[PDB]
């Protein structure tokens, strides 16, 4: 006998196993895993724009010019902000920044950013401009203060009522920051500003703010019972901001031109910068796209796969192996 023709199918030496709905651990000739599990372990540029990396400073310290942070650098643009989980450098003088979370969200991605001086120290001929200094903000071990703002003190035992204004002649939005100092007692209030009852008036086309110091006993933070509450606003072009105060005024000196075109968030990571580019950034590293799913980290920025709780997603492509 003989002359036989047979029908059969391919088989190889593969050990790749896939799971089906009715059967588990089915060895197949070929298979592909559609789950991304690999990251480069480096913080990268997001679509060609480098992140703004704050080494040890929070956004509040970097914005207000904490003497332990650098005095601005070549950062005219960034795609996201990298913060440490607990930045050591923050508001050195204890206090607060109003709407700090909303301010950070706006500053997460900035198209254009440039510090300028809006009010020189020559604009205060009747107040002391160099005496606004504290030991809780030392620069070279010597007491100092926030670089971008001025702590005004009485001159000649007098604090004349301030009436100053700035017209935003720039063609871009301006970010202006100012503060109010909270005294500890009545005696300290007069020693610094000579005026017992004081106020701060801030006015723009949209802003109408009145601030008064809260003089009370408070626990020591960084050796200080005093507090300073800082505030911010966005001054539109050709608009003007008006400051009026008779004490406790932390007058702005520098301001930032803001051009915002997109949005991002704040990333909390200690991973270093790798001079790379990516479409998706996770706190532990960047991941290359084209897989529909991933399991690296939930707190991603960019066009990323869908984060799942799987360790393997293996699609079967070949035949069942013998």
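Positions refer to the first chain, counted from 1.
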With reference to the PDB entry, specify whether the mean Cα temperature factor is higher for 152 to 160 or for 96 to 104.
152 to 160
If you average the Cα B factors in the entry, which is higher, 62 to 70 or 250 to 258?
62 to 70
Out of 115, 210, 227, 112, highest CA B-factor residue
112
When the deposited Cα B-factors of this chain's modelled residues are ordered and cut into thirds, is residue 139 in the lowest, the middle or the highest one?
highest
Which third of the chain holds residue 234 when residues are ordered by C-alpha B factor: lowest, middle or highest?
lowest
Quick one: classify residue 172 as lowest, middle or highest third of the chain based on its Cα B-factor.
middle
Would you please rank residue 264 by its C-alpha temperature factor against the other modelled residues of its chain and give the third it falls in: lowest, middle or highest?
lowest
Tell me, lowest, middle or highest third: where does the Cα B factor of residue 180 rank within its chain?
lowest
